[PDB]
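First comes the structure, then the notes that go with it.
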Amino acid sequence: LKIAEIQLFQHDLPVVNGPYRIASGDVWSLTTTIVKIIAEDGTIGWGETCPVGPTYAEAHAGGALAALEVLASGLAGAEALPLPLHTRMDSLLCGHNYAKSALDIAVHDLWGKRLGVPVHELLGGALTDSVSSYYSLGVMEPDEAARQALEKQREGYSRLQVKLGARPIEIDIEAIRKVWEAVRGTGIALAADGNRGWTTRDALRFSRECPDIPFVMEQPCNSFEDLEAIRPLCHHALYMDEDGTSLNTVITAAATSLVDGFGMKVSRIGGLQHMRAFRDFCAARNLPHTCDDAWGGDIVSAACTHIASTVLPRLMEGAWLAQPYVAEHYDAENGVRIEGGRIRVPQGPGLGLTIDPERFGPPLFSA
Amino acid sequence: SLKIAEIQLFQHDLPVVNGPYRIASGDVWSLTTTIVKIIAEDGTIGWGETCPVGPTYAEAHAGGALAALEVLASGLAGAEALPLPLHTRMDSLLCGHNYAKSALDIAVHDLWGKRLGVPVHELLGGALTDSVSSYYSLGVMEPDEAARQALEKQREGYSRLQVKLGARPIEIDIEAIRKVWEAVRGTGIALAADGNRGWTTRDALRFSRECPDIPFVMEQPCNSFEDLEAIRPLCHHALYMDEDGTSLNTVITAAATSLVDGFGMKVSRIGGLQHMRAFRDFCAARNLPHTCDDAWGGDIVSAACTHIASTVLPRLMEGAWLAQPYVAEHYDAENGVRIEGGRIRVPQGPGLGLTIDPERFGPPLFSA
Amino acid sequence: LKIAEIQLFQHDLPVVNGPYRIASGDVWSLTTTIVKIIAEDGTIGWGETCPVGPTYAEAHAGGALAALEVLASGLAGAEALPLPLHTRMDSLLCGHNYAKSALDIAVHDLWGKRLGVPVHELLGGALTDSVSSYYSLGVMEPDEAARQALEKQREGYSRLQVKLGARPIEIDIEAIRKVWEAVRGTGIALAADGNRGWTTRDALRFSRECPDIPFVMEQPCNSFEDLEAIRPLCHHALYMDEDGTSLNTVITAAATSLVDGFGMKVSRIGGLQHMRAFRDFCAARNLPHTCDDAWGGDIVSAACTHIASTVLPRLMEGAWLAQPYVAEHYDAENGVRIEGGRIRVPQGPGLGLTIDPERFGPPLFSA
Amino acid sequence: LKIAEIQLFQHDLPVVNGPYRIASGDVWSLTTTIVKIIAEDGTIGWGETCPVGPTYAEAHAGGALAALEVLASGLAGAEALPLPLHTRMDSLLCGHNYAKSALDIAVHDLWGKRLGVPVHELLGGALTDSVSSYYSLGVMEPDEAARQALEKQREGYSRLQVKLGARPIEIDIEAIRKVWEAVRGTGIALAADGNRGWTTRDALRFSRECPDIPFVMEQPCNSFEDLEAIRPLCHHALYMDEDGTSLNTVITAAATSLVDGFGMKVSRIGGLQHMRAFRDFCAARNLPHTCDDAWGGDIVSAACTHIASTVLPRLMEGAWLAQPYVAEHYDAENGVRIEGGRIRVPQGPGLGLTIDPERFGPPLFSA
Amino acid sequence: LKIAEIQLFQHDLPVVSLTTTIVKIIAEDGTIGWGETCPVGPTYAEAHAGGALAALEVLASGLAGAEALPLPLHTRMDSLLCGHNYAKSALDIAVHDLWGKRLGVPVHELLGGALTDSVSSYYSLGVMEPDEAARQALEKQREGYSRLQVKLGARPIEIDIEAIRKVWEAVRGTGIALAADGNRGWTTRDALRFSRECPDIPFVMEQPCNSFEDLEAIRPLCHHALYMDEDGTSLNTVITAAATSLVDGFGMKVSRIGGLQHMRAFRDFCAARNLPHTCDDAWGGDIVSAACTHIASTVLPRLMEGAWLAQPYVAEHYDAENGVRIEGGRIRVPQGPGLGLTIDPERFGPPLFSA
Ligand SMILES: C[N+]1(C)C[C@H](O)C[C@H]1C(=O)[O-]
Ligand SMILES: C[N+]1(C)C[C@H](O)C[C@H]1C(=O)[O-]
Ligand SMILES: C[N+]1(C)C[C@H](O)C[C@H]1C(=O)[O-]
Ligand SMILES: C[N+]1(C)C[C@H](O)C[C@H]1C(=O)[O-]
Ligand SMILES: C[N+]1(C)C[C@H](O)C[C@H]1C(=O)[O-]
Ligand SMILES: [Mg+2]
Ligand SMILES: [Mg+2]
Ligand SMILES: [Mg+2]
Ligand SMILES: [Mg+2]
Ligand SMILES: [Mg+2]
Ligand code: NI
Ligand code: NI
């Protein structure tokens with residue numbers, strides 16, 4: 001089955017209860033980029049990519065659109081299968097995983113609709129009908145973080161990510177301690193996310209002062225080299241997030257045993273094809289990981305949920321979704337949502353979405 | 001959610017045409033293959049196969065295949081016929097025994113493709129090519145004769161030659177590789193020197209040191225992972241792992257430490273197509289060439305290897321070796337894959353692309 | 001003296017007060033595989049191998065029988081001595097140490113009977129007339145683990161292994177702490193056996209939270225690579241168990257100083273010939289080790305007791321026997337047993353057992 | 001002096017007598033992206049960035065424009081100095097060095113015009129009035145490469161880069177051998193550029209077969225990890241080019257002594273501010289390097305020539321310019337050009353260019 | 001069976017003399033076992049005849065009542081004296097002799113079972129003029145030796161290189177294995193040169209330099225195999241060397257490693273790691289040579305680089321009938337009980353020392 005046409009759209013998503021505060025930069029609203037692939041038989045597949053602001057990673061909305069124009073321009077006539085798609089995409093544009101991801105998601109949607117099976121089947125088969133999620137607390141005053149921590153634990157979340165940084169480390173330590181005192185005993189898993197915001201000096205301190213607090217340190221420092229620096233000097237587990245920019249890079253990290261796990265985003269790694277290989281890699285190495293993306297609506301969230309359902313539950317640290325912060329569903333009936341801290345896995349063909357072909361207005365670009 | 005309703009096991013002898021096939025770790029005259037038939041609840045069937053290359057090549061043998069498949073089969077009825085649910089269930093029934101698990105994995109991919117009406121290569125992500133390269137394996141033999149066969153095989157169209165060495169003085173192995181190279185230099189054919197675990201580090205160092213002018217890769221020259229690590233910083237020839245690549249975990253250790261420049265990879269050793277496709281993706285990310293082989297087998301094994309090989313970037317695919325030229329019979333005489341002009345046409349039918357008579361292998365040895 | 005005939009049998013050993021709980025898979029009852037070697041003069045030697053279920057290690061009862069069939073089929077005519085035996089066995093079948101072990105044990109039994117000396121003499125000579133043992137606590141409720149631990153210390157065991165895993169690490173930590181509370185001050189040695197069940201994340205936490213508890217961490221993680229990962233980050237001693245699958249691998253581990261000691265099983269290493277080499281390696285390196293096997297009756301237990309008797313007591317962490325969990329003795333008079341937490345070493349020829357040749361019924365296979 | 005306005009333009013540059021063949025992908029024509037910064041007093045500075053096709057690196061013309069739109073939109077009121085500029089740019093957009101480079105170049109042009117001094121003075125002071133260059137031979141038949149090598153050597157180039165790859169390694173070896181047979185005896189420097197195109201297998205072979213040929217191996221393989229893999233196994237010097245994506249990564253490479261030198265592009269490292277730091281790092285480490293960019297007209301070429309003039313000549317491997325492949329000059333009088341294999345350094349204020357404010361037509365974007 | 005008495009003797013072994021030290025262990029039933037240790041003079045290793053005797057007096061004085069088995073023996077010996085492996089080796093050999101005699105089986109059976117009835121040997125060429133070495137090399141190849149060790153050093157590296165090239169030219173085509181033994185005599189500077197100039201000559205470099213550290217220095221810079229000899233002073237050190245893959249093989253001496261009990265462990269270690277090794281000792285008569293031959297017979301022949309014996313340089317036998325000897329470059333393995341020797345209890349005269 002061949003790609004006949006590709007259409008590109010953008011749409012705004014304002015942060016409900018915003019802003020969402022991250023040490024690398026806060027977000028109040030997001031411009032998502034939507035891909036529709038149309039097959040020669042008229043069937044469609046949807047894809048999406050939505051950077052969380054322009055400073056979180058090497059990605060932005062205008063960049064997604066520009067890269068997708070290049071990719072779309074060379075894709076008519078290509079087979080709508082993941083390996084042929086990626087081979088063609090790599091021949092048109094180097095890098096830009098986050099743009100490539102949107103086309104990859106759309107191909108998986110189209111493929112599943114063609115064969116009449118859910119994307120999770122195409123990814124090897126779901127191991128579960130519902131997946132755990134985790135809640136991310138933005139950088140905030142310690143007492144409020146403690147208050148929300150308990151609130152989200154009572155709502156059913158199995159894991160809590162505490163965002164830190166962009167302020168003195170004293171306050172970050174105060175925050176993690178207060179959150180811990182609020183939720184200790186509940187068995188909820190704890191991640192301290194520095195979002196590249198800490199010098200090695202302060203990362204060493206954070207771990208050294210808190211041996212009694214069972215957080216994992218998620219991307220505390222700004223580079224792969226700084227993770228290597230602190231690894232032999234921190235007795236807490238270390239997780240890579242922002243630095244995991246390719247399958248190659250994660251292979252370097254986990255075979256050198258630099259980290260004990262990953263925050264992983266579908267768009268950063270280049271789509272479900274590479275996310276599936278990443279999952280298989282982590283399973284082989286017994287390394288827990290999340291199944292996230294940067295931001296987005298129903299399309300992104302469906303993609304993450306489908307991949308998350310194929311991960312051994314003990315290794316799946318949770319699928320984080322932007323859903324609670326997004327005031328819209330592209331598909332009000334079937335769009336995934338967090339319920340009791342968990343997410344029900346879609347069972348329809350493809351991503352499990354029915355979205356009107358003209359939902360996102362006239363195309364910004366067609367090829 | 002199509003479930004497995006019944007599993008049947010069989011064994012069948014495959015005598016080596018023009019045998020024996022000579023390896024440093026153990027010669028082979030005839031091989032016992034183990035066949036799995038998975039019957040789904042709608043009566044659709046999937047075939048799988050595993051056939052160790054004698055009992056001394058690797059930690060695997062025909063009797064062991066059957067015994068492990070009995071344990072796996074006994075706990076598999078009612079399982080979903082999808083790769084991840086299958087492997088999760090299999091791992092809950094029996095630790096290790098990748099070569100046995102591989103047969104069930106292949107059968108599940110066959111059944112899955114038939115249910116969906118698509119070839120196994122589609123299920124593995126999509127073929128990049130309609131035909132794949134192969135390589136010829138010259139057994140350990142007299143040097144001038146190795147050279148004569150090497151040229152014959154090059155002229156048949158093989159893109160790559162594997163020269164089997166070992167179980168004799170290193171002097172002779174060096175003589176062989178030089179005679180072979182003299183015969184084919186200038187044809188551009190790729191060259192692998194396979195020590196088949198047979199060299200001490202002493203002799204491996206010598207083999208590389210004496211032949212900088214011969215562009216072989218050294219395939220599994222020594223007996224262990226540690227010995228590969230020993231010679232790696234002291235050999236200026238590329239090094240490939242084969243026998244030591246016993247799990248996804250192990251190959252990840254090897255390639256991210258850059259111990260090797262490539263792999264001979266066998267579907268059964270890695271535990272089936274599910275793991276082989278992850279391995280493929282790992283090699284693609286690392287730009288590491290690899291083969292797509294298995295130990296031995298008939299049409300079922302050979303189809304499995306051809307399907308995965310079709311999904312590899314041709315510049316990284318060192319060839320799919322098949323036992324086909326050494327196997328007198330085809331299970332499916334019409335659709336069974338075969339080597340023609342040193343290459344292999346990729347099957348396009350649903351599943352593995354085979355139709356095998358349900359009673360081809362006689363009554364089941366075991367059913368569960 | 002040459003081997004004239006080999007006979008194979010299987011026998012079921014139901015777990016007394018079962019099941020025995022392991023993170024890698026629990027056990028309710030076990031099929032043991034018995035080897036009888038008949039020499040050309042009619043003298044017999046017995047051997048045995050019994051995996052602890054099919055998921056603990058790469059070994060199962062059906063695999064033992066299948067491998068022993070191949071080995072037995074090429075063994076008539078071989079000298080009944082350890083090196084000629086292993087040389088012939090390696091020419092017939094690659095690997096399968098647990099099967100090869102049964103034939104090795106039988107050869108040592110036969111050899112000792114021919115020469116009129118105990119197996120411990122053939123292994124270099126016993127250093128003691130009784131050996132220490134250790135008790136293995138299955139995964140259980142922390143308070144009950146603590147109660148059983150004190151009870152076993154009071155029986156006279158010099159060491160306790162606490163099995164952990166297949167549940168949240170919080171509970172494993174609660175268990176080790178409560179066990180320690182119960183037995184501290186008695187000087188009983190403590191092992192915390194993760195049985196390959198912990199991610200590196202959780203292994204780091206287990207050590208980090210408990211510097212005050214003198215456990216060794218026995219095989220906390222699933223691979224050699226994960227042991228390498230946590231080694232520079234845990235201040236507790238690390239022991240290898242399941243990963244010690246050959247003399248080659250042990251040499252890698254202990255000369256890189258990856259571990260401070262070993263759980264070692266006779267079947268995993270391939271028999272008494274390799275176990276005595278292993279013992280000599282540990283003595284040269286001052287590394288303590290156990291002298292165990294997976295499971296089995298009188299034959300396995302005799303083998304473990306004989307090798308254990310030749311180890312310097314300060315390095316011998318104990319010989320664990322399945323005996324207390326096995327209802328029946330093959331030789332009720334001479335079969336070894338744990339008394340006051342210790343085991344009296346047999347002094348008769350060979351393994352020190354006399355088993356009726358028809359004890360296990362007719363042979364399943366003869367060659 | 002503050003920035004009052006930023007204008008963005010694009011312009012076509014067809015490869016004179018192309019294509020220019022690279023393993024990572026050939027080029028027939030390039031779209032350049034031009035920046036004009038206007039200060040509050042009306043003085044202007046010009047900048048430029050022109051990726052060499054979309055597959056050479058993680059950069060493309062559409063991406064340059066999209067990123068520059070984001071950057072320009074937040075730069076009004078910023079001080080026209082390198083550190084204030086980069087600090088502001090980094091607060092607006094993560095990464096995208098190739099886009100940031102264009103604004104950096106425009107800032108240096110403006111700054112030099114305000115102070116009445118050449119950019120090379122602002123960079124610390126030129127050490128020479130003319131700089132060496134090197135000629136890059138595209139991938140071509142070995143016989144043709146050898147003849148072109150001979151012609152360029154006789155023309156006066158001090159160094160030749162031979163582009164290789166995207167074909168059997170046998171042909172690359174034939175090519176470097178013939179080039180060597182042509183230029184041995186002339187003293188010209190030789191670089192063999194694999195352009196990320198070789199597996200480690202083939203890179204090992206290329207070096208092993210040619211110890212008598214004094215090439216440096218420039219970026220033979222596809223990743224930093226692959227350079228690390230071959231480094232202890234190749235007796236030829238190794239240079240990094242494509243992998244040198246930030247000052248951070250260069251520091252990792254040269255302090256671990258992974259490489260003996262660099263091909264460095266101004267746009268990849270993020271502009272003249274970072275190129276100057278890179279220059280100082282190479283001087284401290286005694287590591288030779290080029291002063292190139294990916295492609296471009298007079299603006300890019302001026303920037304490269306200015307930085308190149310400040311490098312110790314013995315460490316300056318040459319400033320490669322796209323000029324011979326570019327039909328037009330933005331400033332026909334003052335635009336730099338290669339003559340006798342060398343480049344005369346401009347001496348006017350700023351970059352030393354006068355370009356009509358309307359040369360590129362109406363702005364595509366203004367902020 | 002307990003040790004009742006231990007007697008020590010010294011004897012001047014005439015050459016074709018060196019002071020050998022003989023141990024007789026007498027069991028309580030009157031059964032005797034013979035052991036021996038004989039350093040090659042005082043400068044080759046940290047060992048000498050006077051030291052052997054002094055250490056053996058200490059060991060003998062605390063051994064009455066000990067069990068005549070290898071592990072009880074070594075446990076008691078280590079409790080009486082630290083190190084002195086070469087002295088301990090003599091008692092270890094005597095214990096194995098006595099044990100085999102008691103059970104009526106050869107030492108090779110007690111060591112796990114012989115894999116062959118005859119073992120390969122190798123010839124050691126002393127440091128000599130290059131043309132002479134080449135002439136003798138061919139001579140010894142034609143006698144049937146499967147391996148040739150060329151001793152080098154104590155002179156300019158230029159001449160060592162000339163010597164190895166001339167030897168190789170003389171014997172290439174015969175398949176004889178070649179070892180270049182630097183005898184700790186080369187600086188790393190010269191060891192690097194020796195390998196670098198000779199990639200075409202298939203020697204292994206046996207102990208080229210003076211320390212373990214120097215072997216570590218040259219290992220990543222030499223494309224020739226490296227063997228350890230003199231530095232292999234304990235099982236512990238061997239484990240360090242071979243698991244770090246510092247070397248590709250060993251020259252190993254029974255006395256240096258502390259006797260047959262430790263040599264057997266070393267053999268098993270090399271078999272696990274696929275590392276070839278010799279089975280030698282420093283010097284000695286029939287007792288030392290029997291011990292080496294028994295352990296050598298239990299090694300996989302492909303891994304056994306040869307048992308070197310002092311026998312052709314020793315002008316007498318303790319047991320002329322059963323003493324091992326090299327014939328056609330190989331050694332027939334003894335088959336009688338113990339070491340396979342019958343030596344008169346009064347052969348060496350009255351004890352120098354008894355305990
Ligand atoms: C919590 N996230 C998954 C959502 C944001 O995009 C930030 C990210 C993270 O873990 O850093
Ligand atoms: C050539 N093979 C694929 C066939 C045998 O199974 C041996 C194997 C190899 O590469 O060694
Ligand atoms: C305690 N054991 C010896 C008995 C089982 O076989 C498990 C084993 C262990 O230490 O893991
Ligand atoms: C020679 N260059 C500077 C021109 C192209 O942009 C490629 C580059 C290189 O060195 O690879
Ligand atoms: C050849 N040896 C065994 C005898 C001498 O004692 C020297 C020694 C060696 O290999 O160095
Ligand atoms: Mg994060
Ligand atoms: Mg192979
Ligand atoms: Mg254990
Ligand atoms: Mg370059
Ligand atoms: Mg020596
Ligand atoms: Ni510490
Ligand atoms: Ni070299």
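Lettering and numbering for the structure tokens are positional, with chains as A, B, ... in the shown order, residues counted from 1 in each chain, and ligands counted from 1 in the shown order.
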Within 7 Å of ligand 3, counting only C-alpha atoms and all ligand atoms: which residues, as a tab-separated table (two decimals) with N, CA and C atoms, in the first residue's frame?
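Written out: out.tsv:
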chain	number	residue	atom	x	y	z
C	52	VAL	N	16.40	-27.06	39.97
C	52	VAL	CA	15.35	-26.60	40.85
C	52	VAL	C	14.27	-25.92	40.02
C	136	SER	N	18.43	-21.62	54.03
C	136	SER	CA	17.88	-20.72	53.02
C	136	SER	C	16.43	-20.39	53.33
C	193	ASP	N	19.92	-12.71	49.20
C	193	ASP	CA	19.94	-13.27	47.85
C	193	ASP	C	18.81	-12.72	47.01
C	195	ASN	N	18.43	-13.28	43.93
C	195	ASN	CA	18.11	-14.28	42.91
C	195	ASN	C	17.82	-13.71	41.53
C	241	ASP	N	26.33	-15.88	42.02
C	241	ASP	CA	25.77	-17.23	42.12
C	241	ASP	C	25.38	-17.69	40.70
C	263	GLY	N	28.32	-18.11	45.49
C	263	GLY	CA	27.51	-19.29	45.73
C	263	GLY	C	27.92	-20.20	44.59
C	292	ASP	N	27.40	-26.00	47.11
C	292	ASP	CA	26.00	-26.36	47.00
C	292	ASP	C	25.71	-27.14	45.72
C	293	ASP	N	24.46	-27.52	45.57
C	293	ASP	CA	23.93	-27.85	44.25
C	293	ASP	C	22.51	-27.34	44.21
C	294	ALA	N	21.85	-27.52	43.08
C	294	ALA	CA	20.51	-26.99	42.89
C	294	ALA	C	19.50	-27.65	43.81
C	295	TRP	N	19.52	-28.98	43.80
C	295	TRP	CA	18.59	-29.80	44.55
C	295	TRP	C	19.07	-31.23	44.38
C	320	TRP	N	24.94	-26.10	51.42
C	320	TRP	CA	23.49	-26.18	51.49
C	320	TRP	C	23.06	-27.52	50.91
Taking only C-alpha atoms and all ligand atoms into account, which residues are within 9 Å of ligand 12, as a PDB file with N, CA, C and O atoms, in the first residue's frame?
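Contents of the output file selection.pdb:
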ATOM      1  N   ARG B 209      48.614 -10.741  12.053  1.00  0.00           N
ATOM      2  CA  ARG B 209      49.928 -10.120  11.880  1.00  0.00           C
ATOM      3  C   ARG B 209      50.579 -10.477  10.551  1.00  0.00           C
ATOM      4  O   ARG B 209      51.276  -9.647   9.941  1.00  0.00           O
ATOM      5  N   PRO B 233      42.569  -5.314  20.812  1.00  0.00           N
ATOM      6  CA  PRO B 233      43.478  -4.168  20.625  1.00  0.00           C
ATOM      7  C   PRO B 233      44.793  -4.513  19.932  1.00  0.00           C
ATOM      8  O   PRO B 233      45.636  -3.617  19.722  1.00  0.00           O
ATOM      9  N   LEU B 234      44.958  -5.776  19.551  1.00  0.00           N
ATOM     10  CA  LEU B 234      46.219  -6.243  18.968  1.00  0.00           C
ATOM     11  C   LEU B 234      46.065  -6.785  17.555  1.00  0.00           C
ATOM     12  O   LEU B 234      47.032  -7.289  16.984  1.00  0.00           O
ATOM     13  N   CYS B 235      44.862  -6.712  16.995  1.00  0.00           N
ATOM     14  CA  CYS B 235      44.661  -7.175  15.619  1.00  0.00           C
ATOM     15  C   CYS B 235      44.140  -6.017  14.797  1.00  0.00           C
ATOM     16  O   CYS B 235      43.140  -5.387  15.161  1.00  0.00           O
ATOM     17  N   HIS B 236      44.822  -5.723  13.699  1.00  0.00           N
ATOM     18  CA  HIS B 236      44.392  -4.625  12.827  1.00  0.00           C
ATOM     19  C   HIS B 236      43.327  -5.042  11.800  1.00  0.00           C
ATOM     20  O   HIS B 236      42.850  -4.202  11.041  1.00  0.00           O
TER      21      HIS B 236
ATOM     22  N   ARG D 208      45.041   0.018   7.475  1.00  0.00           N
ATOM     23  CA  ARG D 208      45.934  -1.135   7.502  1.00  0.00           C
ATOM     24  C   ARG D 208      46.666  -1.320   6.189  1.00  0.00           C
ATOM     25  O   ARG D 208      47.856  -1.664   6.169  1.00  0.00           O
ATOM     26  N   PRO D 232      42.295   3.107  18.707  1.00  0.00           N
ATOM     27  CA  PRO D 232      43.498   2.368  19.120  1.00  0.00           C
ATOM     28  C   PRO D 232      43.980   1.334  18.113  1.00  0.00           C
ATOM     29  O   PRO D 232      44.992   0.666  18.375  1.00  0.00           O
ATOM     30  N   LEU D 233      43.298   1.223  16.981  1.00  0.00           N
ATOM     31  CA  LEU D 233      43.615   0.201  15.987  1.00  0.00           C
ATOM     32  C   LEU D 233      44.057   0.775  14.650  1.00  0.00           C
ATOM     33  O   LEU D 233      44.265   0.025  13.690  1.00  0.00           O
ATOM     34  N   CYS D 234      44.158   2.098  14.565  1.00  0.00           N
ATOM     35  CA  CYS D 234      44.610   2.737  13.327  1.00  0.00           C
ATOM     36  C   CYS D 234      45.870   3.531  13.604  1.00  0.00           C
ATOM     37  O   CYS D 234      45.870   4.410  14.473  1.00  0.00           O
ATOM     38  N   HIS D 235      46.937   3.226  12.866  1.00  0.00           N
ATOM     39  CA  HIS D 235      48.205   3.941  13.018  1.00  0.00           C
ATOM     40  C   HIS D 235      48.254   5.270  12.216  1.00  0.00           C
ATOM     41  O   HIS D 235      49.256   5.997  12.274  1.00  0.00           O
TER      42      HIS D 235
ATOM     43  N   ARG E 196      58.753  -5.615  16.682  1.00  0.00           N
ATOM     44  CA  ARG E 196      58.482  -4.707  15.560  1.00  0.00           C
ATOM     45  C   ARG E 196      59.256  -5.091  14.310  1.00  0.00           C
ATOM     46  O   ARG E 196      58.731  -4.995  13.193  1.00  0.00           O
ATOM     47  N   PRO E 220      50.161  -4.095  24.859  1.00  0.00           N
ATOM     48  CA  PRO E 220      49.367  -3.489  23.772  1.00  0.00           C
ATOM     49  C   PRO E 220      50.186  -2.994  22.589  1.00  0.00           C
ATOM     50  O   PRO E 220      49.595  -2.503  21.611  1.00  0.00           O
ATOM     51  N   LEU E 221      51.508  -3.119  22.658  1.00  0.00           N
ATOM     52  CA  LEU E 221      52.381  -2.579  21.622  1.00  0.00           C
ATOM     53  C   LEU E 221      53.159  -3.642  20.856  1.00  0.00           C
ATOM     54  O   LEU E 221      54.011  -3.320  20.027  1.00  0.00           O
ATOM     55  N   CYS E 222      52.893  -4.908  21.166  1.00  0.00           N
ATOM     56  CA  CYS E 222      53.551  -6.024  20.476  1.00  0.00           C
ATOM     57  C   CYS E 222      52.499  -6.904  19.816  1.00  0.00           C
ATOM     58  O   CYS E 222      51.561  -7.367  20.464  1.00  0.00           O
ATOM     59  N   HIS E 223      52.646  -7.128  18.519  1.00  0.00           N
ATOM     60  CA  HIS E 223      51.693  -7.971  17.795  1.00  0.00           C
ATOM     61  C   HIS E 223      52.069  -9.469  17.854  1.00  0.00           C
ATOM     62  O   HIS E 223      51.354 -10.307  17.297  1.00  0.00           O
TER      63      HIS E 223
END
Using only C-alpha atoms, I'd like every residue of chain E that has an atom within 6 Å of chain C; please write them out as a PyMOL selection string. chain E and resi 69-71+112-113+235-236+240+243+265+272-273
At a cut-off of 6 Å and counting only C-alpha atoms and all ligand atoms, what residues surround ligand 5? Please answer as a ChimeraX atom specification. /E:40,124,280-283,308
Just write the chosen residues, N, CA, C and O atoms, as a PDB file, in the first residue's frame.
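Listed below is the output, out_7.pdb:
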ATOM      1  N   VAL E  40      68.394 -23.731  39.624  1.00  0.00           N
ATOM      2  CA  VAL E  40      69.487 -23.618  38.660  1.00  0.00           C
ATOM      3  C   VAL E  40      70.409 -22.504  39.104  1.00  0.00           C
ATOM      4  O   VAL E  40      70.409 -21.422  38.509  1.00  0.00           O
ATOM      5  N   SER E 124      65.940 -26.446  24.706  1.00  0.00           N
ATOM      6  CA  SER E 124      66.347 -25.086  25.068  1.00  0.00           C
ATOM      7  C   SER E 124      67.766 -24.793  24.587  1.00  0.00           C
ATOM      8  O   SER E 124      68.733 -25.404  25.044  1.00  0.00           O
ATOM      9  N   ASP E 280      57.499 -27.753  33.251  1.00  0.00           N
ATOM     10  CA  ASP E 280      58.939 -27.826  33.467  1.00  0.00           C
ATOM     11  C   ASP E 280      59.278 -27.797  34.949  1.00  0.00           C
ATOM     12  O   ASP E 280      58.406 -27.694  35.811  1.00  0.00           O
ATOM     13  N   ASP E 281      60.562 -27.905  35.231  1.00  0.00           N
ATOM     14  CA  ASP E 281      61.079 -27.418  36.496  1.00  0.00           C
ATOM     15  C   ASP E 281      62.427 -26.794  36.206  1.00  0.00           C
ATOM     16  O   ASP E 281      62.869 -26.758  35.050  1.00  0.00           O
ATOM     17  N   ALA E 282      63.072 -26.295  37.254  1.00  0.00           N
ATOM     18  CA  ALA E 282      64.327 -25.573  37.115  1.00  0.00           C
ATOM     19  C   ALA E 282      65.454 -26.512  36.722  1.00  0.00           C
ATOM     20  O   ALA E 282      66.172 -26.265  35.751  1.00  0.00           O
ATOM     21  N   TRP E 283      65.613 -27.578  37.504  1.00  0.00           N
ATOM     22  CA  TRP E 283      66.650 -28.573  37.294  1.00  0.00           C
ATOM     23  C   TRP E 283      66.305 -29.769  38.174  1.00  0.00           C
ATOM     24  O   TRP E 283      65.351 -29.707  38.954  1.00  0.00           O
ATOM     25  N   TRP E 308      59.985 -29.760  29.598  1.00  0.00           N
ATOM     26  CA  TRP E 308      61.436 -29.681  29.543  1.00  0.00           C
ATOM     27  C   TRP E 308      62.006 -30.453  30.719  1.00  0.00           C
ATOM     28  O   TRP E 308      61.537 -30.285  31.844  1.00  0.00           O
TER      29      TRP E 308
END
12 Å shell around ligand 9 using only C-alpha atoms and all ligand atoms, listed as JSON, numbers by chain: {"D": [22, 23, 24, 52, 56, 57, 134, 135, 136, 137, 138, 160, 161, 162, 163, 164, 165, 191, 192, 193, 194, 195, 196, 197, 216, 217, 218, 219, 220, 221, 222, 238, 239, 240, 241, 242, 243, 244, 261, 262, 263, 264, 265, 289, 290, 291, 292, 293, 294, 320]}
